[PDB]
Amino acid sequence: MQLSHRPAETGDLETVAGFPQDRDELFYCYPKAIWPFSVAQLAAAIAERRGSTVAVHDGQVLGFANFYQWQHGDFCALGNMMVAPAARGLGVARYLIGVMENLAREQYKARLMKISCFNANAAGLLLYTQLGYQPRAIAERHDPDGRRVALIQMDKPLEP
Ligand SMILES: [Cl-]
Ligand SMILES: [Cl-]
Ligand SMILES: [Cl-]
Ligand SMILES: [Cl-]
């Protein structure tokens, strides 16, 4: 997995917007989105966020991430994290988290990275644990069917 990264570009939107495969995945990816996902919804998210980045392998955009919160000298929080179905389990999310941690450190002088993960996302919970994130709190959210879900709020220190 040769991976590279760069800021997201308008030409990447269609591909990235195709990453969520069903309403639940979209909810995890982007809770305020409405199924079906679209390039316009993705572009609106990008405009409201910071650090929108794609991961590329063999000429293909395989992952997307950004920050939904950023506080200089303090912390950043992972926003959207989306990975192409064919590329899941291959280190794309791991790679992107590392890139976002560096950008938190460098651009925002962050001491902490926050990651929230919905309870159904076992693969996320397990990966973030492997990367040294620790659970701090559990919040209640509601899914698109109005069912109660648990949001596991995790964090990790970042040094200078
Ligand atoms: Cl930015
Ligand atoms: Cl795919
Ligand atoms: Cl991964
Ligand atoms: Cl999640």
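Determination of this PDB entry was carried out by X-ray crystallography to a resolution of 1.30 Å, according to the record.

As deposited in the PDB, this entry carries the title "Crystal structure of a GNAT superfamily acetyltransferase PA4794 in complex with HEPES".

J.: Would you mind going over the overall build of the chain with me for this structure?
T.: What the chain contains, in helices and strands, is 5 helices and 7 strands. Each helix and strand of the chain, ordered N terminal to C terminal, gives the series β-α-α-α-β-β-β-α-β-α-β-β. In terms of overall dimensions, the chain is globule-like: its C-alpha atoms have a radius of gyration of 15 Å, near the 15 Å expected for 160 residues. Along the first, second and third principal axes, the C-alpha set of the chain runs to 40 × 40 × 30 Å. Relative to all contacts within the chain whose residues are 6 or more apart in sequence, the contacts with residues 24 or more apart total 58%.

J.: Quick question: what am I supposed to make of the UniProt feature "binding site: acetyl-CoA" (unreviewed entry) in the chain here?
T.: Mapped onto this numbering, the UniProt entry gives "binding site: acetyl-CoA" (unreviewed entry) at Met81, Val83, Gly89, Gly91, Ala93, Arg94, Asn121 and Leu126. Examined against the element boundaries, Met81 turns out to sit in strand 4 (residues 75–83). Among all residues touching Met81, those that are not within four sequence positions of it are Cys29, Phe64, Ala65, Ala93, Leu96 and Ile97. Structurally, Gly91 can be placed in the loop between strand 4 and helix 4 (92–108). Residue classification places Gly91 among the partly exposed residues on the basis of a relative accessible area of 29%.

J.: How do you make sense of the pairing of strand 6 (residues 134–142) when you look at a structure like this?
T.: Looking along a regular strand, one sees the side chains alternate between the two faces of the sheet. Sheet analysis places strand 6 next to strand 7 (residues 148–157), joined by 8 bridges and oriented antiparallel. Within strand 7, the residue paired with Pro135 across the bridge is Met154. In textbook terms, the turn of a hairpin is the stretch between consecutive antiparallel strands, and for strand 6 and strand 7 this stretch comprises 5 residues, one of which, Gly146, has a positive phi near 75°.

J.: Is there a simple way to think about the nonpolar core in this case?
T.: In summary, soluble globular proteins display a tendency toward joint burial of nonpolar side chains. Residues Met82 and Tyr128 are the most contacted members of the largest nonpolar core, which totals 45 residues. Counting residues per element, this core draws most heavily on helix 4, which supplies 7 residues. Beyond its immediate stretch of four places on either side in the chain, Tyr128 contacts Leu78, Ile97, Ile115, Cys117, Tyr133 and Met154. Formed by 5 residues, the second largest nonpolar core is a distinct cluster that contains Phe27, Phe118, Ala139 and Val149.

What counts and what doesn't
- Residues numbered from 1 in each chain as written, not as in the entry; some residues may be left out.
- Chains lettered and ligands numbered in written order.
- Heavy atoms only, no water.
- Residues with missing side-chain atoms left out of burial classes, pairs and counts.
- Helix = DSSP H or I, 4+ residues; strand = E, 2+ residues; numbered from the N terminus.
- Rg over C-alpha atoms; globule rule 2.2 N^0.38 Å.
- Contact = heavy atoms within 4.5 Å.
- UniProt positions renumbered as here; feature names shortened; annotations may be inferred.
- Buried < 20%, exposed > 50% of the residue type's maximum accessible area, 1.4 Å probe, protein only.
- Pairing = 2+ DSSP bridges.
- Core = buried A, V, L, I, M, F, W, Y, C linked by side-chain atoms within 4.5 Å.

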